[PDB]
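Trainee: One structure, as structure tokens, below. Some questions next.
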Amino acid sequence: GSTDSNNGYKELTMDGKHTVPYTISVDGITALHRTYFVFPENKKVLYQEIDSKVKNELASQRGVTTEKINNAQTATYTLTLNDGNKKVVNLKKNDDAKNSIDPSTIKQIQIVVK
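Numbered by the deposited numbering, the letters in the sequence shown go through residues 1 to 114 in order.
Here it is as structure tokens:
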């Protein structure tokens, strides 16, 4: 078991773009069409501003609307920064819906509703 210590080899994985894998859980089940997202750097945005556009994307694949999510028993997602930090917040209660953040610090996120 030996890995590169200095150099390795050339790579072309969305070089220049910020990729961020997204996950979701339903009743304990894991998504099957999981994928990654891309966004610009050095830019701030409102959590509610983005989520508003994301909800329309997840509602089309999950079929869950603002009325359905309300019927859910629980809704929480964990956020993972690029530094390796972790913060789980309930979707039902947007505490950052009135805050500004950038994807440049976002590494990955996993939603959990049931």
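For every residue, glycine included, the Cβ atom is placed at its ideal position computed from N, Cα and C.
Quick check on the DSSP output: what are the complete beta strand (DSSP E) runs of length 3 or more inside the stretch 28-89, in order along the chain?
Mentor: Correct list: 35-39 and 75-81.
Trainee: Does DSSP classify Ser2 as helix, strand or coil?
Mentor: If you number the sequence shown from 1, residue 2 lands on position 2. Of the three classes helix, strand and coil, the one that applies to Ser2 here is coil, per DSSP.
Trainee: According to the neighbour-count rule (16 or more other Cβ atoms, all chains shown, within 10 Å of its Cβ), is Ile24 buried or exposed?
Mentor: Looking up residue 24 in the sequence shown gives position 24. Under this definition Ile24 is a buried residue.
Trainee: Run through DSSP, which three-state label would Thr19 get?
Mentor: Walking along the sequence shown from the start, residue 19 turns up at place 19. Residue state, collapsed to three classes: strand.
Trainee: Between the stretch 56-67 and the stretch 2-9, do three or more beta carbon pairs fall short of 8 angstroms?
Mentor: As far as the Cβ criterion goes, the stretch 56-67 does not touch the stretch 2-9, which means the pair count is below three.
Trainee: Measuring CA to CA, which of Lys10, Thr19, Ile50 and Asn42 is closest to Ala97?
Mentor: Locating residue 97 in the sequence shown gives position 97, where the first residue counts as 1. If we check each option's Cα against that of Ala97, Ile50 comes out closest.
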